[PDB]
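Engineer: coords please:
(one chain, ligands or ions: 1)
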Amino acid sequence: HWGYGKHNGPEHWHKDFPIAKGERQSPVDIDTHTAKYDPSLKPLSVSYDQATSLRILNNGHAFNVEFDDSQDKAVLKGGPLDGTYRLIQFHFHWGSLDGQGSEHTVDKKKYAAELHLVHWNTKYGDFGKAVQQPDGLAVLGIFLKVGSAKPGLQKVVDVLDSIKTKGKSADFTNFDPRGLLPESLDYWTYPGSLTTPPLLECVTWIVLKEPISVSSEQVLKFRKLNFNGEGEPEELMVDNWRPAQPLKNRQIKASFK
Ligand SMILES: [Zn+2]
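Structural biologist: Numbering: from 1, shown residues only. There you are, the coordinates:
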């Protein structure tokens, strides 16, 4: 029964998931004055030309855009990574207000929202096995600020009314996640965790420096989603972000000078 509500939010998660107080928890604040440029980091390779989205899902905590991950179709490689990581899903975290919503922060700046593109290391065969490994997942994180509309988001926005409440899904084929990327692939990277329960410490985080812009109208449609199920008391799906956690014995490394 975890959530982001008044009595079950992030500050409670440790009771059911004690790794919430672990050594490698996410998100974190990215201090741009202490992250060091690492010349050994490679350019990010994002190969999403054959990505096959299948469905969109309200899971009660966010919504997931899903992909067919039964072949190397949509892969992340390079960057900080060894090997090949396959796209399984993307989702967002967002605020009640434009001044909050992101999970990572940049010099304490909160963005309006954050997109997570989740990929699993193909050397472990499936997602469920990958999450049990420290190098099992690669999550590409992208900040959202409110300004211009993102035309490539509009397809997502337009389906949300059909998945208002928890448990609802809808066919969502042919969605191109390349339309959610900023121009630059400059990034920061560090080892961390899933940001929702079970909070497993299995993620190489790759957080892009350049945010995307979405319009106030687009974000407003996110904020009409519901955390409840059909026919239950309305609770708007907003503020579904975990705050920054202690960096502990980690370094944040920059791909760029
Ligand atoms: Zn996430």
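Engineer: identify the residues contacting the residue of the stretch 101-250 of the chain found nearest the ion.
Structural biologist: Nearest residue of the stretch 101-250 of the chain to the ion: residue 116, at 3.6 Å (Cβ to the ion). From N, CA and C alone the C-beta is placed, and that goes for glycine too. Taking Cβ atoms under 8 Å, 6 or more residues apart in numbering, we find residue 116 in contact with 90, 91, 92, 93, 139, 140, 141, 195.
Engineer: tell me where the protein has helices.
Structural biologist: Applying DSSP state H to the chain gives helices spanning 127-130, 154-159, 216-222.
Engineer: so which bits of the first one are buried?
Structural biologist: Counting neighbours by 16 or more other Cβ atoms under 10 Å, one finds that the buried residues in helix 127-130 are 127, 130.
Engineer: ditto for the longest one
Structural biologist: Of the residues in helix 216-222, those scored as buried under the neighbour-count criterion (16+ other Cβ under 10 Å) are 218, 219, 221, 222.
Engineer: again with stretch 48-58
Structural biologist: Counting neighbours by 16+ other Cβ under 10 Å, stretch 48-58 gives 48, 51, 52, 53, 54, 55, 56, 57, 58 as buried.
Engineer: my guess is residue 23 contacts residue 245. True?
Structural biologist: No. Residue 23 is not in contact with residue 245 according to Cβ atoms under 8 Å; the separation is 10.1 Å.
Engineer: what about those two, which has more around it?
Structural biologist: residue 245 (21 against 14; other Cβ atoms under 10 Å).
Engineer: who's in contact with the spatially closest residue to residue 123 that is not a sequence neighbour?
Structural biologist: Ranked by Cβ to Cβ, 6 or more residues apart in numbering and with sequence neighbours excluded, the top spatial neighbour of residue 123 is residue 83, at 5.6 Å. Residues in contact with residue 83 (Cβ under 8 Å, 6+ apart) are 77, 121, 122, 123.
Engineer: quick one: which of those residues has the most company?
Structural biologist: In the contacts of residue 83, the most neighbours by other Cβ under 10 Å go to residue 121, 23 neighbours.
Engineer: distance check, that residue against residue 214.
Structural biologist: Distance, residue 121 to residue 214, by Cβ to Cβ, to the nearest Å: 30 Å.
Engineer: just residue 54 next, same as before
Structural biologist: Distance of residue 54 to residue 214, given as Cβ to Cβ: 23 Å.
Engineer: just residue 80 next, same as before
Structural biologist: Separation of residue 80 from residue 214 (Cβ to Cβ) stands at 27 Å.
Engineer: do the same with residue 243
Structural biologist: 22 Å.
Engineer: more neighbours: which of these two?
Structural biologist: residue 214 (28 against 15).
Engineer: who are the contact partners of the more buried one?
Structural biologist: By Cβ under 8 Å, 6+ apart, the contact list for residue 214 reads 112, 113, 144, 145, 146, 147, 148, 149, 150, 153.
Engineer: now it: closest residue in space that isn't a chain neighbour?
Structural biologist: Nearest one to residue 214, counting by Cβ to Cβ, 6+ apart, is residue 150 at 4.7 Å.
Engineer: number of nearby residues for the one you found?
Structural biologist: 18.
Engineer: returning to that earlier point: strands - which of the buried residues of stretch 48-58 land there?
Structural biologist: 53, 54, 55, 56, 57, 58 (DSSP state E).
Engineer: enumerate every residue touching the last one.
Structural biologist: It refers to residue 58. For residue 58, the contact set (Cβ under 8 Å, 6+ apart) comprises 163, 164, 165, 166, 167, 168, 169, 225, 237.
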